[PDB]
**Q** 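I have a structure here, written as structure tokens, and I will follow up with some questions on it.
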Amino acid sequence: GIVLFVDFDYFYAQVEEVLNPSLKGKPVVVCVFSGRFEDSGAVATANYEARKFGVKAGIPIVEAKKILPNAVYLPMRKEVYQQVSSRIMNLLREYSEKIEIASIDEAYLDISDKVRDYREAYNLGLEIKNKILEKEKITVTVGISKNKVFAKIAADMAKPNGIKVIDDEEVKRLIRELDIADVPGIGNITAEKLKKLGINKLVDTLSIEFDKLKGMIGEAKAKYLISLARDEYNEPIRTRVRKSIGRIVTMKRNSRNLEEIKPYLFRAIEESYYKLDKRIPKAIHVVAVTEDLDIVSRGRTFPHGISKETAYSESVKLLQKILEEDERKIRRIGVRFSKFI
DNA sequence: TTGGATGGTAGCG
DNA sequence: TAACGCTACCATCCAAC
Ligand SMILES: Cc1cn([C@H]2C[C@H](O)[C@@H](COP(=O)(O)OP(=O)(O)OP(=O)(O)O)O2)c(=O)[nH]c1=O
Ligand SMILES: *Nc1ccc2c(c1)Cc1ccccc1-2
Ligand SMILES: [Ca+2]
Ligand SMILES: [Ca+2]
Ligand SMILES: [Ca+2]
């Protein structure tokens, strides 16, 4: 098994640098402005120059400006980045039929049948890198290993503009030495739970009672980690199929007034159905985020597809359920469609 | 006894 | 002050039997 993973470098900010080369080598921050007030919202990403000052994905814009006033702050232009991504993903298709688009800027290629060994794999990764740079002026990082997880870890190690093979011997080192927090799928919550069991490395999972690990992190995560630690993870590269399409918005003022919330809702519905394009959903979920940032959702599943017109009145009822079942005011309202025909 | 629907949690792009 | 889009999983719980 040989897996090649491509991960585009500081993607949104890098596109902005291609579009405006005067930006290169200076801090750039790409921002999701929420509408509420001036500079309200969060950072989507930033180039490496900006990151040296602590500006990264997810922090409040106002906060980024306290540590880095000097940078270029740009609004996130999602459609534009998606156009570049779509073009890159079509280039990568030329290297293997077995490809899994993981996100806007990640793809896994199964090249087990295209190359004989890691040496040939490395050469392919360089060809891929060079072709993307020539055709799109975009640098990417390539990770190569025996399965998807270690391929992704290899890319993390070589970021930005890198290429790294993690061979059989280094897989063994990583099982022994990689902080378990650095394994894909392990965030703060799981990592903290792991520390309480004395688990700091993948290898620590081998010598714990399976039922004890399961009771702390659940069956799926327990099985995942043990499989990796046993050097047995071998999940196939497969075509991802979109399962849900949804849209969420921050309202100008927090509200409990149905007639005030409704236009925001209807807007999210129109935006979702537009993206759905020929796909027909059998389920609808409305989500509200209250003043104190709690999340509430109400949904309904039908035995048949939901027309755009039906989605309107169905979403209203779901919002009314939330408003009857939660007395707090609402700050954000969203809708999502799923269970496609 | 069991299995889709339900709403929530965790991770992450 | 704290975006927003998506997958996977988890507990729980009610109607089929
Ligand atoms: C992590 C993250 C990414 N994104 C978007 C912007 C990123 O450019 C894009 C890809 O995410 P990443 O691959 O996580 O980040 P990146 O490409 O900007 O930086 P890196 O060099 O470290 O790989 O997804 C968000 O909108 N919100 C987020 O919280
Ligand atoms: N980004 C994003 C957009 C819409 C929705 C979420 C995330 C979660 C959720 C839950 C229910 C309805 C809509 C959404
Ligand atoms: Ca990236
Ligand atoms: Ca990525
Ligand atoms: Ca982590």
Side-chain angles (χ1 to χ4, degrees), chain A residues 5-13 29-45 56-67 75-79 81-82 85 100-107 149 152 155-156 159 181-194 214-224 235 238 240-251 254 264 268 271-272 275 282-303 318 321-322 325-326 331-339:
Chain A
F5 175 69
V6 183
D7 180 327
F8 312 162
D9 301 321
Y10 60 108
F11 187 46
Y12 293 5
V29 184
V30 182
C31 303
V32 186
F33 291 98
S34 55
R36 285 287 258 208
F37 47 82
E38 173 171 314
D39 291 337
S40 85
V43 169
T45 191
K56 60 209 205 302
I59 70 170
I61 295 161
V62 179
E63 226 277 308
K65 287 163 163 295
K66 269 147 182 156
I67 57 189
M76 180 197 62
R77 299 194 273 174
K78 181 85 167 262
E79 355 78 32
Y81 316 138
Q82 175 66 61
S85 180
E100 172 171 345
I101 314 298
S103 66
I104 201 155
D105 89 328
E106 298 178 313
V149 180
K152 185 179 230 289
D156 289 338
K159 270 192 198 195
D182 294 353
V183 174
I186 306 306
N188 302 325
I189 298 301
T190 306
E192 282 310 305
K193 283 186 204 159
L194 289 166
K214 178 171 153 277
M216 186 77 71
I217 69 174
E219 189 179 16
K221 279 197 174 89
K223 278 165 167 290
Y224 173 69
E235 286 308 299
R238 85 165 81 266
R240 301 213 182 176
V241 168
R242 175 70 55 258
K243 287 195 182 67
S244 68
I245 296 271
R247 204 75 177 58
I248 189 177
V249 298
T250 302
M251 303 186 273
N254 299 357
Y264 290 101
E271 298 183 3
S272 298
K275 288 191 209 120
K282 295 193 287 177
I284 175 174
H285 293 257
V286 169
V287 73
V289 186
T290 56
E291 289 191 79
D292 61 331
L293 295 196
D294 196 27
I295 303 175
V296 201
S297 87
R298 293 296 183 273
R300 182 170 177 202
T301 304
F302 298 80
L318 293 167
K321 182 175 273 175
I322 303 173
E325 300 192 336
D326 206 299
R331 172 190 159 99
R332 313 175 72 220
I333 190 70
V335 68
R336 178 160 72 187
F337 299 94
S338 56
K339 295 160 173 137

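Only this structure's heavy atoms are used, side chains among them; waters, hydrogens and symmetry mates stay out. Convention: sequence-line order gives letters A, B, ...; per-chain numbering from 1.
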**Q** May I ask you to say what A:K339 touches in the nucleic acid, namely base, sugar-phosphate or nothing, with a heavy-atom cut-off under 4.0 Å?
**A**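 Answer is sugar-phosphate: A:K339 comes under 4.0 Å of backbone atoms only.
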**Q** Check every strand shown and say whether A:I186 touches a base, only sugar-phosphate, or nothing at a heavy-atom separation below 4.0 Å.
**A** sugar-phosphate
**Q** Between A:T190 and B:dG11, does any side-chain N or O lie under 4.0 Å from OP1 or OP2?
**A**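 Affirmative; the distance criterion is met.
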**Q** Rounded to the nearest angstrom, tell me the gap between atom CD1 in A:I104 and atom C1' in C:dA3.
**A** 15 Å
**Q** Report yes or no: does A:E100 contribute a side-chain atom to a donor-acceptor pair with the main-chain N or O of A:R238 at less than 3.5 Å?
**A**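 Yes.
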**Q** Regarding A:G58, tell me which of base, sugar-phosphate or nothing describes its non-hydrogen contacts under 4.0 Å with the strands shown.
**A**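 The residue A:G58 makes base contact.
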**Q** Return the nearest nucleotide to the side chain of A:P60; candidates are B:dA5, B:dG7, C:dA2.
**A** C:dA2
**Q** On a whole-Å scale, what distance lies between the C1' atoms belonging to C:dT12 and B:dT1?
**A**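 One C1' to the other, the span is 15 Å.
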**Q** With both distances under 3.5 Å as the test, what is the Watson-Crick or G-U wobble partner of C:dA16?
**A**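 Across any shown strand, C:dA16 pairs with none.
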**Q** Between A:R247 and A:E271, does at least one N-O distance fall below 4.0 Å, as a salt bridge requires?
**A** yes
**Q** Starting at atom OH of A:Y264, determine the distance to atom P of C:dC4, rounded to an integer number of angstrom.
**A** 12 Å
**Q** A:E192 has an atom CD; how far is it from atom P of B:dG11, in whole Å?
**A** 10 Å
**Q** For A:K56 and C:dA3, give me the distance from atom NZ to atom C1', rounded to whole Å.
**A**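 Answer to the nearest Å: 15 Å.
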**Q** Which pair of non-hydrogen atoms, one from A:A57 and one from A:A44, has the smallest distance, and what is that distance?
**A** CB-O, 3.2 Å
**Q** Identify all pairs in which a protein N or O lies below 3.5 Å from an N or O of nucleotides 6-13 of chain C, and state each distance.
**A**
from, atom 1, to, atom 2, distance (Å)
C:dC6, OP2, A:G246, N, 2.8
C:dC6, OP2, A:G246, O, 3.2
C:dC6, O3', A:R242, NH1, 3.1
C:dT7, OP1, A:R242, NH1, 2.9
C:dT7, OP1, A:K243, N, 2.6
C:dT7, OP2, A:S244, N, 3.4
C:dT7, OP2, A:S244, OG, 2.7
C:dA8, OP2, A:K243, NZ, 3.2
C:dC10, OP1, A:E219, N, 3.1
C:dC10, OP1, A:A220, N, 3.1

**Q** What's A:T45 touching, base or sugar-phosphate or nothing? Going by heavy atoms closer than 4.0 Å.
**A**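 Nothing: the residue A:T45, judged by heavy atoms under 4.0 Å, touches no strand.
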**Q** Would A:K282 and A:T301 count as a side-chain hydrogen bond (donor to acceptor under 3.5 Å, both in side chains) if you check the C-alpha gap in whole Å, the side-chain angles of each, and the deciding distance to 0.1 Å?
**A** CA-CA 6 Å; A:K282 295 193 287 177; A:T301 304; over 6 Å; no
**Q** By sign alone, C1'-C2'-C3'-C4' of C:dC13 puts its sugar north or south?
**A**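 South, since the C1'-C2'-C3'-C4' torsion of C:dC13 has a negative sign.
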**Q** Would you mind telling me which of C:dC4, C:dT1, B:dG11 lies closest to the side-chain atoms of A:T250?
**A** C:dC4
**Q** If I take atom CZ in residue A:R36 and atom P in nucleotide C:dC4, what distance separates them, rounded to the nearest angstrom?
**A**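 Those two atoms, CZ and P, are 11 Å apart.
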**Q** Is it true that A:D9 and A:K159 have a side-chain N and a carboxylate O under 4.0 angstrom from each other?
**A**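 No.
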**Q** Base, sugar-phosphate or nothing for A:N188? Non-hydrogen atoms, less than 4.0 Å.
**A**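 Contact class for A:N188: sugar-phosphate only.
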**Q** Could you tell me how far apart A:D326 (CG) and B:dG8 (P) are, to the nearest whole angstrom?
**A**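 Going from CG in A:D326 over to P in B:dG8 covers 9 Å.
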**Q** Figure out the OH/P separation between A:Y12 and C:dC4, and round it to whole Å.
**A** 13 Å
**Q** State which of C:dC4, C:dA2, B:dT6 makes the closest approach to the side chain of A:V32.
**A**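 Of all the options, the side chain of A:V32 is nearest to C:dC4.
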**Q** Searching all strands shown, indicate the nucleotide that pairs with B:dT6 (Watson-Crick or G-U wobble; both distances under 3.5 Å).
**A** C:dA11
**Q** Restricting to non-hydrogen atoms, name the atom on A:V286 and the atom on A:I333 that form the minimum distance, rounded to 0.1 Å.
**A**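 Minimum heavy-atom contact is CG1-CD1, 3.8 Å.
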**Q** Just checking A:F37: base, sugar-phosphate only, or nothing, at a heavy-atom cut-off of under 4.0 Å?
**A**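 Contact class for A:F37: sugar-phosphate only.
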**Q** Please tell me which of the listed nucleotides, C:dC4, B:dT6, B:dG7, lies nearest to the side chain of A:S34?
**A** C:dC4
**Q** Has the side chain of A:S85 got a donor or acceptor atom that lies under 3.5 Å from a matching backbone atom of A:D105?
**A**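 Answer holds: no.
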**Q** For A:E63 and C:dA3, what is the distance between atoms CD and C1' respectively, to the nearest whole Å?
**A**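 After rounding, the reported distance stands at 16 Å.
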**Q** Give a yes or no on whether A:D292 atom CG has more than 12 heavy-atom contacts from other residues, nucleotides or ligands under 6.0 Å away.
**A** yes
**Q** Please check the phosphate of C:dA3 (OP1 and OP2 only) for any side-chain N or O of A:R331 closer than 4.0 Å.
**A**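 Answer yes for this pair, as a side-chain N or O of A:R331 is under 4.0 Å from OP1 or OP2.
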**Q** Of A:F8, A:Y12, A:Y10, which meets ring-ring contact (aromatic ring centres under 6.0 Å, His included) against A:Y81?
**A** A:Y12
